[PDB]
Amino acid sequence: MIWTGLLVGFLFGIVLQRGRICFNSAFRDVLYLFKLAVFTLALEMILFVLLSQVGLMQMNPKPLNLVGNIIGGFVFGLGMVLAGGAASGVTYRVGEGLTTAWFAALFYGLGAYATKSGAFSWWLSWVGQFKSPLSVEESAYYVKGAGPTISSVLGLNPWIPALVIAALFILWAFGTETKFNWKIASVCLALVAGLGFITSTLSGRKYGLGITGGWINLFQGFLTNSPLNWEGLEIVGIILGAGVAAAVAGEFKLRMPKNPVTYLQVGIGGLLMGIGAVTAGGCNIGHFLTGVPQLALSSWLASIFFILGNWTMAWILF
């Protein structure tokens, strides 16, 4: 059943490559992607509580760690701008044929590994002491010991804030040239997110779409001989689906940057991202795309600082 990760990641890479969902150029606002993000977030907000109510799922919000979330998200934004894309853009653009993406994803994997259990694990160990003891109790909506949410703190059934924020986000989007329209893209992305949440919970990992854990699992399987899980097969599926969707659309091509220093630029970027995500407890997918619709406070804070670090590094380079 861990091989359902391959299929979920295949569909994920297809929708990512076709919709061109770049998170690094989404956190930089248009002087399409913003509305795509808000609509996907609202649809996931409704769908997660729906699937948890019908017993197909349980939301598992990530724990709160102010130092962790804040600083890791800032560094993750820095690295995402230095790498020319966050953890999703990089990973799926590997399959499009961009060698820059190859470094970026590879140094991202190495840095995440080193931060979790390697030369940078002292920093993660020091950060872990600021973990918030706040946790929710087991419910039809939440897994026992999960992080605090907007609904849990307000003492409300998750349906209430889910529906209110989601309806406000739909008003949001609909109130203000590709034929893969942003609404159908959001619908397909939310459906893929729900499918991933379900199949991953049945796989043993009670969570939705992620990136960091998949790369860590792949590197661990290659260098440790450990068995791969749902997330590593999901990463391989992301790459495979992005590649297939780019080749069918005639968009696949092995490419190089204009100047070789970009290779040095992205290689550092990914590294920062690897240190960022693991410190922040999540990437642009694990926190923003997956944890925000669960109304996780840690995910919202981590996304805030994703965008802040993005802005800082964007001014530094530009």
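Position 1 is the first residue in the sequence shown; the rest follow in order.
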*Scan the PDB entry between residue 31 and residue 32 and report the missing deposited residues as one of none, 1 to 3, 4 to 9, 10 or more.*
4 to 9
*Might you work out how many residues are unmodelled in the deposited sequence between residue 176 and residue 177, and answer none, 1 to 3, 4 to 9, or 10 or more?*
4 to 9
*On mean C-alpha B-factor from the PDB entry, just flag whether 231-239 or 137-145 is the higher one.*
137-145
*asked:* Using only C-alpha atoms and the B-factors in the entry, which stretch averages higher, 22-30 or 47-55?
replied: 22-30
_Highest Cα temperature factor in the entry, among the options 191, 153, 209, 216: which one is it?_
153
*Deposited CA B-factor, highest of 101, 168, 75, 195*: 168
*asked:* Where does the C-alpha B-factor of residue 13 rank in its chain, lowest, middle or highest third?
replied: middle
*Sort the modelled residues of this chain by their C-alpha B factor and say whether residue 63 lands in the lowest, middle or highest third.*
lowest
_Chain-relative CA temperature factor third for residue 160_ = highest
*Which third of the chain does residue 220 land in by C-alpha B-factor: lowest, middle or highest?*
highest
*Can you work out whether the C-alpha temperature factor of residue 204 puts it in the lowest, middle or highest third of the chain?*
highest
